[PDB]
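Asks: Before I ask anything, here's the sequence and the deposited coordinates:
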Amino acid sequence: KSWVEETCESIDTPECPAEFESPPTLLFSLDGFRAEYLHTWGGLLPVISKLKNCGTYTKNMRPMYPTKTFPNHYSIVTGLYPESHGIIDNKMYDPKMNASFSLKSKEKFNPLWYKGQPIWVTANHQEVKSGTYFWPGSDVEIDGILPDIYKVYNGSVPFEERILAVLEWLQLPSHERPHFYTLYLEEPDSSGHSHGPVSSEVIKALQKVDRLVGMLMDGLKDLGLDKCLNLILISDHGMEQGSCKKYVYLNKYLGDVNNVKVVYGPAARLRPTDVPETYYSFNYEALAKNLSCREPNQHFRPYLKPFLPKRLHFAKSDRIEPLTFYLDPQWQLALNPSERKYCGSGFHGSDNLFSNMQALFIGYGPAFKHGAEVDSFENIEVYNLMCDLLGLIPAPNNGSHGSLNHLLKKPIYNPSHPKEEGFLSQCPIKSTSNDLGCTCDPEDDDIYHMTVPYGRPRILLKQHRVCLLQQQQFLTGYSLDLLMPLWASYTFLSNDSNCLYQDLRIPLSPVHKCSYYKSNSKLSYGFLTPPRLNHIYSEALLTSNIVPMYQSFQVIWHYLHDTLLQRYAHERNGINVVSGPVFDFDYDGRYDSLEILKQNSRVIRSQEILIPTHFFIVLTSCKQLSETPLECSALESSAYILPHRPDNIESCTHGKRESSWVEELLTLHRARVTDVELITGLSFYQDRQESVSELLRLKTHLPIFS
Ligand SMILES: *[C@@H]1O[C@H](CO)[C@@H](O[C@@H]2O[C@H](CO)[C@@H](O[C@@H]3O[C@H](CO[C@H]4O[C@H](CO)[C@@H](O)[C@H](O[C@H]5O[C@H](CO)[C@@H](O)[C@H](O)[C@@H]5O)[C@@H]4O)[C@@H](O)[C@H](O[C@H]4O[C@H](CO)[C@@H](O)[C@H](O)[C@@H]4O)[C@@H]3O)[C@H](O)[C@H]2NC(C)=O)[C@H](O)[C@H]1NC(C)=O
Ligand SMILES: Nc1ncnc2c1ncn2[C@@H]1O[C@H](COP(=O)(O)O)[C@@H](O)[C@H]1O
Ligand SMILES: *[C@@H]1O[C@H](CO)[C@@H](O)[C@H](O)[C@H]1NC(C)=O
Ligand SMILES: *[C@@H]1O[C@H](CO)[C@@H](O)[C@H](O)[C@H]1NC(C)=O
Ligand SMILES: [Ca+2]
Ligand SMILES: [Zn+2]
Ligand SMILES: [Zn+2]
């Protein structure tokens, strides 16, 4: 009986043959295996389905941006964002090197492109042999290290020969036998491109890849290793059906120009022709503004590199062009119709939150649970997972180590909460009482636990001075070094102007007085905590609850609290809200140091002001609608990092449908709670009853579009 014909068998304890001390780990990749494939064509894939039913499976695995082979395949083995490991796209360019990158090119084998530290390099430093087969970055030597057994990429090599090659390596002597293995197949990406996600060719491809995996499992069985191997069946990205009618050509707005170069695709980037002579000299801002809101329902959008949604983490790299394009699903962008390969073929590279861009993940073996289905997770989390499977100390990556513990029978690493590095001090009443120049028209522990029911946010800032200011409706973490609130937490239940009051607990600043704010200047102040809470709550009009805010953002901020927030309280039976300013001028996704904060502190209206680049807001509710946010058994989190812009060009307000463009902006700039943590230096939910690993799972979560 073949392996696919046999039923499920619990591998609680690894049954390894002699000469094996511990189960090896094989990374089997199926390029272009969209997540919807297994959802829909499960009855046609008996081998893949059994690995799913007897292993650890996830409906959707979220890949990196852009959704391309090389960036994702390299992000898997490095656990790094594409902006950090160097491989931004299949085709890219480095200005500082004056060299282009391509799959079919000599620059591909240049070690100056590959940053970070892949798993095979990590394994080598800790005396662990590795045998790879056609994995991106295996041909090139990183840090002067090459896998003990490698093969320079040759797509002409038959798949059946690739499997046998790995099977031959598994038989090597105990001292010369690799402990980590990789496998790569071009299917069903190849068939996906030429005929589309919904075709007879992909079905034939899926069945082909399915039988090929069955051959591997039969091969493992004949070697007596079917219950002694950890298998991770993964993919790089999904597949979307392209159309000729749904394509964007830049020439229609620019003309047959030759001063700009466009890397075509659903994730388009733009660089000048005179490069690197005018790589920085070229002002992209004008071109971006000249391309925005040209169509009534435009399916593309010009984005300056720091203005992209933070969830993508696609700014802090030299190779990424300062001008990018975000496109709607099923849409690609190019300069001229000649540059593009084809318009009506299957493509990928779209937003990583799109339904069809989702990838595959199946963990099978003694280390993985049997028939366990978990929630979605990013591919950068797999790096740490493999380190635990190979007994390796992971290199510094972007994955939350320990967040995938629920996949393993016996988890190896037990994570802990980050210690508070902040210098927590107290702010008593000391300075009474200045004139604010404002016109106003006519015990403690119980209120604490009510405002921060999951625990106060911890200050990961080193070594920032923070005070805890308690009110009757909210608790705010105030900064003494920046003289403004870092965060404000409050609970909003299902059903419950030019005037201000001086907070005697904080030092007075010239920007706290209303006389500072005129009706002419676009810059004003906004509240972190809505004043219409619970008559009218007056402590929300405290000076310590205001932050510098553009008038254009107030359009979004008011609708967020006056309309959406109240609706969410009815739908989710109340919400706990934590809000605050975000300062990331270096667009790296992490909080700025005191040094760079002072460099970006503008002066306006004769006063020095540090204005936020973004504003974060985290919404927390109960998974059980019968419970209020003060009595959650399990949490329901959703975070947002909203861009603080002087205007609303990104939204195309023109037509004046306020209720439409705002919600679309919120959903677009949704982010992981971890993303908010990383960019603000705060830690949430530390006093929550669930374990750290569970809380990591919660904070690293993102909803899939469509
Ligand atoms: C995802 O995960 C990845 C990996 O963890 C994260 O990527 C890492 O980000 C950090 C923070 O940005 C990076 O650290 C910085 O490294 C830079 C560059 O290093 C080089 O910089 C100069 C080259 O021109 C040079 O000055 C440096 O030379 C020495 O510098 C000091 C001297 O004592 C020494 O410590 C170094 O070892 C070098 O010998 C160096 O060649 C560096 O410029 C940054 O310095 C900042 O911080 C230091 C204090 O540590 C401070 O003194 C400086 O003033 C400055 O503020 C900083 O060290 C790191 O390189 C990244 N790692 C990888 C592998 O990419 C990424 O942040 C994560 N992303 C997200 C979204 O979380
Ligand atoms: N290691 C590699 N080196 C060069 N090309 C590769 C490698 N792996 C896959 N490819 C090619 O990349 C293409 C698929 O990439 P993608 O279109 O982004 O899904 C196919 O043409 C593959 O043959
Ligand atoms: C940049 O690269 C191009 C193409 O190889 C080359 O023609 C040019 O000389 C290079 N410029 C510099 C500054 O070296
Ligand atoms: C690629 O692999 C095929 C099949 O083994 C082989 O015939 C061919 O020689 C290889 N190409 C190169 C460039 O070596
Ligand atoms: Ca920063
Ligand atoms: Zn691919
Ligand atoms: Zn492809």
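Replies: Cool, got the structure. Numbers count the residues shown, from 1 in each chain. Ligands and ions are numbered 1, 2, ... in the order given.
Asks: Show me what counts as buried in stretch 594-614.
Replies: Neighbour-count burial for stretch 594-614, counted by 16 or more other CB atoms under 10 Å, picks out 609, 610, 611, 612, 613, 614. For every residue, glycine as well, the C-beta is placed using N, CA and C.
Asks: In strands only, show me those.
Replies: Taking DSSP state E as the definition of strands, the buried residues of stretch 594-614 contribute 609, 614.
Asks: Break this structure into its domains for me.
Replies: Following the assignment in curated CATH domains, the chain carries domains at 1-413, 414-706.
Asks: who wins for proximity to ligand 4 among those?
Replies: Closest to ligand 4 of the domains of the chain, according to CB to the nearest ligand atom: domain 1-413, at 3.6 Å.
Asks: sorry, back to before: most packed of the domains of the chain?
Replies: Highest mean neighbour count of the domains of the chain: domain 1-413, a mean of 19 (counted as mean count of other CB atoms under 10 Å).
Asks: out of the buried residues of stretch 594-614, who's nearest ligand 2?
Replies: Each of the buried residues of stretch 594-614 was scored against ligand 2 by CB to the nearest ligand atom, and residue 614 proved nearest at 31.0 Å.
Asks: Measure how far stretch 510-517 is from the centre of its chain, please.
Replies: Centre-to-centre, stretch 510-517 and its host chain are 38 Å apart (CA atoms, centre = their mean, to the nearest Å).
Asks: Kindly report the same for stretch 475-489.
Replies: 26 Å.
Asks: next one: stretch 328-346
Replies: With CA atoms, centre = their mean, you get 25 Å for stretch 328-346.
Asks: Which residues of the stretch 551-700 of the chain lie near ligand 1?
Replies: By CB under 6 Å from any ligand atom, the part of the stretch 551-700 of the chain that sits against ligand 1 consists of 588, 589, 590, 593, 678.
Asks: Show the contacting residues for the third one.
Replies: With CB atoms under 8 Å, 6 or more residues apart in numbering as the criterion, the residues that contact residue 590 are 584, 678, 679, 681.
Asks: Mind doing that once more with 7 Å?
Replies: Counting by CB atoms under 7 Å, 6 or more residues apart in numbering, residue 590 touches 678, 679.
Asks: From residue 101, how far off is the residue nearest to residue 31 when sequence neighbours are not counted?
Replies: The shortest distance from residue 31 to any non-neighbouring residue, by CB to CB, 6 or more residues apart in numbering, is to residue 189 (3.8 Å). According to CB to CB, to the nearest Å, residue 189 and residue 101 sit 19 Å apart.
Asks: re the thing from before, hang on, isn't the residue nearest to residue 31 packed against residue 29?
Replies: No: using CB atoms under 7 Å, residue 189 makes no contact with residue 29, being 10.1 Å away.
Asks: any idea whether residue 275 is helix, strand or coil?
Replies: Recorded secondary structure, residue 275: coil (DSSP: H, G, I helix; E, B strand; the rest coil).
Asks: Roughly how far does the residue nearest to residue 31 sit from residue 493?
Replies: 50 Å.
Asks: With residue 436 instead?
Replies: 31 Å.
Asks: ok, now which ones touch the residue in the stretch 601-706 of the chain positioned nearest to ligand 5?
Replies: Here the residue of the stretch 601-706 of the chain nearest ligand 5 is residue 679; by CB to the ion that distance is 7.4 Å. By CB under 7 Å, 6+ apart, residue 679 lies in contact with 310, 582, 584, 589, 590, 591, 641.
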